[PDB]
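As structure tokens, the structure follows; a few thoughts come after it.
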Amino acid sequence: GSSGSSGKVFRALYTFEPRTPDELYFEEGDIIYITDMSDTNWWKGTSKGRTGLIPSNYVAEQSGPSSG
């Protein structure tokens, strides 16, 4: 089968504007999968049926311990 879900989940704090065709365009509040973090400046993940580079400034390690 398939067990063990790898990859981090980063959220887009705001809409980003990719200048290069390699980057990935996302909108404020968009789940992203950051598996490759070799470049602290430029990351590589997939959000909307797409896979491109993502800025490590617009997104942030999802953090929100909810209880209710």
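Scheme for the structure tokens: letters A, B, ... for chains in order shown; per-chain residue numbers from 1; ligand numbers from 1 in order shown.
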
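Around residue A:59, within 9 Å and counting only C-alpha atoms, the residues found are residues 10, 11, 12, 13, 14, 32, 54, 55, 56, 57, 61 and 62 of chain A, once anything fewer than 2 positions away on its own chain is removed.
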
Considering only C-alpha atoms, return as a list in words whatever protein or nucleic-acid residues lie within 8 Å of residue A:51, sequence-local ones (same chain, fewer than 6 positions apart) excluded.
residues 24, 44 and 45 of chain A

Using only C-alpha atoms, can you tell me which of A:42, A:52, A:58, A:66 comes closest to residue A:16?
A:58

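Residue-level DSSP output for chain A, from the backbone, shows strand (DSSP E or B) at residues 8, 9, 10, 11, 12, 23, 31, 32, 33, 34, 35, 36, 42, 43, 44, 45, 46, 51, 52, 53, 54, 55, 59, 60 and 61 of chain A.
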
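Atom CA of residue A:2 lies 25.2 Å from atom CA of residue A:30.
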
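As for atom CA of residue A:6 and atom CA of residue A:37, they are spaced 13.1 Å apart.
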
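Ranking A:4, A:50, A:60, A:65 by their shortest atom-to-atom distance to residue A:29, with only C-alpha atoms included, puts A:60 first.
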
Proximity to residue A:18 - best of A:35, A:1, A:53, A:41, only C-alpha atoms:
A:53

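Ranking A:63, A:5, A:15, A:47 by their shortest atom-to-atom distance to residue A:31, with only C-alpha atoms included, puts A:47 first.
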
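Candidate residues A:8, A:19, A:48, A:68 were compared for distance to residue A:36, and the nearest is A:8, using only C-alpha atoms.
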
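For the atom pair formed by atom CA of residue A:21 and atom CA of residue A:7, the distance is 23.0 Å, given to one decimal.
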